[PDB]
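Read the structure below first, then the notes.
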Amino acid sequence: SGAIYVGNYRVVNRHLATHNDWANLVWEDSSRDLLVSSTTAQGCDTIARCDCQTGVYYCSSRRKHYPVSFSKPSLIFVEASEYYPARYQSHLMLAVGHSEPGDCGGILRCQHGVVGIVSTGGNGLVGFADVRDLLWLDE
Ligand SMILES: COC[C@]12C[C@](C(N)=O)(CN1C(=O)Cc1ccccc1OC)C2
Ligand SMILES: [Zn+2]
């Protein structure tokens with residue numbers, strides 16, 4: 001679990017969005033595993049606008065933060081799950097690091113701010129859904 005709170009928006013993994021997120025929907029993209037909903041309270045986070053390929057992410061299954069080197073956002077095949085059919089997930093960045101399914105939502109940050117959230121993993125890999133291209137989050 002986890003969310004980014006920026007301005008009057010809440011960013012979550014689309015597969016973990018609540019009934020309230022869908023009732024206050026702003027934008028969603030099944031191919032990116034992202035959903036953004038509107039909020040009444042002003043957010044606590046700032047979004048990075050950069051090309052960093054290193055950062056630190058929060059891993060809830062270890063209660064710890066880990067440093068990572070990750071690939072640029074790209075189209076990567078993701079096996080079928082209870083949430084999605086077998087498909088290519090876009091704007092995904094992979095790195096070597098621990099992750100379990102419940103780690104989705106953990107924030108990845110660089111020195112400039114929030115980069116993305118955990119969305120995939122397995123076998124010593126962790127995948128993050130990028131949010132740096134969503135310029136409208138800032139206004
Ligand atoms: C239970 O499946 C949830 C989803 C489907 C997902 C999607 N983006 O399509 C991928 N999932 C995974 O669970 C992948 C996974 C497997 C092993 C370890 C960690 C890990 O994710 C953090 C999110
Ligand atoms: Zn950066």
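Values below: every heavy atom of this structure, side chains too, minus hydrogens, waters and symmetry copies. Position 1 is the first residue of the sequence; numbering continues from there. We count ligands from 1, going down the list as the structure has it; atoms in each ligand are counted the same way.
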### Task
Could you give me the CA-CA distance, side-chain angles and deciding distance for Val114 and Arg109, then say whether side chain to side chain contact (heavy atoms under 4.5 Å, CB included) is met?
CA-CA 4 Å; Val114 175; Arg109 302 177 76 90; 3.6 Å; yes
### Task
Mind checking the CH2-CG spacing from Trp27 to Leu25? Nearest 0.5 Å is all I need.
10.0 Å
### Task
Just do the side chain to side chain contact (heavy atoms under 4.5 Å, CB included) check on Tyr58 and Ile107 with the steps written out, would you?
CA-CA 6 Å; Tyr58 182 63; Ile107 288 171; 5.7 Å; no
### Task
List the steps and the verdict of side chain to side chain contact (heavy atoms under 4.5 Å, CB included) for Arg62 and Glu100.
CA-CA 10 Å; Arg62 293 287 179 271; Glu100 291 175 42; 3.6 Å; yes
When you pair each N or O of ligand 1 with protein N or O atoms, which pairs come out under 3.5 Å?
unit_1: ligand 1; atom_1: 8 (N); unit_2: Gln89; atom_2: OE1; d: 2.9
unit_1: ligand 1; atom_1: 8 (N); unit_2: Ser119; atom_2: O; d: 3.0
unit_1: ligand 1; atom_1: 8 (N); unit_2: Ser119; atom_2: OG; d: 3.2
unit_1: ligand 1; atom_1: 9 (O); unit_2: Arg87; atom_2: NH1; d: 3.0
unit_1: ligand 1; atom_1: 21 (O); unit_2: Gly121; atom_2: N; d: 3.3

### Query
Is it true that atom CD of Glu139 has more than 12 heavy atoms of other residues, nucleotides or ligands lying nearer than 6.0 Å?
yes
### Task
Could you label the plane-to-plane angle of the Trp136 and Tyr9 rings as parallel, tilted or perpendicular, counting under 30° as parallel and over 60° as perpendicular?
perpendicular
### Message
Working note: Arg87 + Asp33, criterion salt bridge (charged side-chain N to carboxylate O under 4.0 Å, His left out); need CA distance, chi angles, decisive distance, verdict.
### Response
CA-CA 11 Å; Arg87 76 209 212 285; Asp33 185 40; 5.4 Å; no
### Query
Do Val26 and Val131 belong together in a cluster built from hydrophobic side chains that touch within less than 4.5 Å?
yes
#### Entry: Residue pair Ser119, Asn13: steps toward the side chain to side chain contact (heavy atoms under 4.5 Å, CB included) verdict
CA-CA 7 Å; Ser119 175; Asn13 292 90; 3.8 Å; yes
### If only protein N, O or S atoms under 2.8 Å count, total around the Zn ion (ligand 2)
4
